[PDB]
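This report concerns only the one structure given below.
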Amino acid sequence: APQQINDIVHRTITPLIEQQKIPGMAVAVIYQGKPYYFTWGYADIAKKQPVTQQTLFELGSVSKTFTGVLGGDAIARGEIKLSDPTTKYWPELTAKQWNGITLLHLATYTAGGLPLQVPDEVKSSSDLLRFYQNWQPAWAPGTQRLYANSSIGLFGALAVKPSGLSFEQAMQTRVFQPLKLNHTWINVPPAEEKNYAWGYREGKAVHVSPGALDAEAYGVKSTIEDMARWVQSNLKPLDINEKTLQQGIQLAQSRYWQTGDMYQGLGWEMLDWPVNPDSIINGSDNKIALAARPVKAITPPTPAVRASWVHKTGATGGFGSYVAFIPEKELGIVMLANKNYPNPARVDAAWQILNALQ
Ligand SMILES: O=C(O)[C@@H]1CCCC[C@@H]1c1n[nH]c(=S)[nH]1
Ligand SMILES: O=C(O)[C@@H]1CCCC[C@@H]1c1n[nH]c(=S)[nH]1
């Protein structure tokens, strides 16, 4: 890499790893559309396995960007519409609170207070139907945003229904394969387990637990190389040869709602560039990011604005990730770690790096 990228990356990440006691880390910078990789520390402490460009990390909620793009692709295919009622795709959802709740609402966390977490007790499709039927909204549809795995998780599950494919098969065939993300998995195969990093929580080695709607909301594992490729595809969707996927990426970066200075897309969240770093850094803290906030509808939604800071934080019990890019500048970053450390520390590191290279 050029010495400039090398120096800002190392001057930013070394202190971060030290301060946050991160066991292992991988970073990709996309600069003028080209990837540069960096690795530190351990994928497995006990077995002394280093982090490499082939190490798989749990993306956690960064998975929602894939779910948003898969959904966008389904729209482009004419299989679903964001304006469709939820009940169109799940007829057994007959409780009257679901009247007026559309796939847009589910995708953008504005259904009216669907919970952050699907309860642990909810396993089967039966359990799930019962859970959503009994769910009582706090607000009317399209009035407040409350970030929720049970919202976009349901979107993902319903969005692939017309295709006839499982969510995994839909994602593999329609997103991972076309984009050559050949080391990106919802379920890590035995052949790839050698590369699967351990997560670390209070010093214990942990992997993500199975849960309802896990694949759709937080279930993707990937390498720094594939994630750089994911950023490149979202930076430059017009280079993608599959028409519906190209279109779906653009729909995921459309601005559907505004709260404060952030805009909600499908998975992705966006701010106008130039951004105020205090807004993204402080905004990434869960005191704001998980808070219930009123939303203003963008009527109709704004197509993907090139002059945007487009990003997503993501965590599991043992992992902490961040992706951010600025289409206007052919510039982006992926930060993958096997500890869940505070979001603002991630966004601060990212902004220092990208601001320096912009
Ligand atoms: O990925 C995130 O950051 C989410 C936000 C908080 C609750 C649900 C998710 C979560 N992932 N890992 C843990 S712990 N929680
Ligand atoms: O347990 C949590 O805090 C989270 C539950 C929702 C997102 C995924 C996280 C997770 N599950 N198992 C491991 S490790 N992390």
**Report entry** Odd one out for residue 123 among (1) out of contact with any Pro (no Cβ under 8 Å at 6 or more places or on another chain); (2) within 16 Å of ligand 1 (Cβ to nearest atom); (3) not small (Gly, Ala, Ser)
**Finding:** (2)
Query raised in the report: Mind checking which residues of segment 271-300 are in a strand (DSSP E or B) and touching a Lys or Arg at 6+ places or on another chain (Cβ under 6 Å)?
Result: 293, 298
Query raised in the report: Out of the residues in segment 312-324 that are within 13 Å of ligand 1 (Cβ to nearest atom) and over 22 Å from residue 205 (Cα atoms), which is surrounded by the fewest Cβ atoms within 10 Å (Cβ to Cβ)?
Result: 312
Requested in this report: Those residues that are more than 17 Å from residue 220 (Cα to Cα), of a type in the set (A, V, I, L, M) and away from ligand 1 (no atom under 15 Å from the Cβ), I need them from segment 325-345; list them, please.
Outcome: 326, 331, 333
Report summary line: Given the conditions (1) of a type in the set (A, V, I, L, M, F, W, C); (2) over 30 Å from residue 294 (Cα atoms); (3) within 17 Å of the chain's Cα centre (by Cα), every one holds for residue 215 apart from (2)
Query raised in the report: When both residues are 6+ apart or on different chains and their Cβ atoms are under 9 Å apart, which pairs have a first residue that lies in segment 311-330 and is under 21 Å from residue 34 (Cβ atoms), and a second that is among the hydroxyl-bearing types (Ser, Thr, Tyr) and within 14 Å of ligand 2 (Cβ to nearest atom)?
Result: 322/313; 323/313
Requested in this report: Restrict the check to segment 95-103 and report whether at least one residue is within 23 Å of residue 323 (Cβ to Cβ) and more than 16 Å from ligand 2 (Cβ to nearest atom).
Outcome: no
**Report entry** Some residue of segment 281-297 being within 16 Å of the chain's Cα centre (by Cα) and under 24 Å from residue 32 (Cβ atoms)
**Finding:** no
Query raised in the report: Filtering segment 156-169 down to residues that are within 17 Å of the chain's Cα centre (by Cα) and away from ligand 1 (no atom under 16 Å from the Cβ), which residue is surrounded by the fewest Cβ atoms within 10 Å (Cβ to Cβ)?
Result: 168
Report summary line: The correct count of residues that are surrounded by fewer than 17 Cβ atoms within 10 Å (Cβ to Cβ) and either in a strand (DSSP E or B) or hydroxyl-bearing (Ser, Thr, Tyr) (or both) in segment 15-38 is 2
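Laboratory data are not the source of any read-out in this text; all were calculated from the coordinates shown. Note that we place each Cβ from the backbone using ideal geometry, even for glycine, and neighbour counts take in every protein chain shown.
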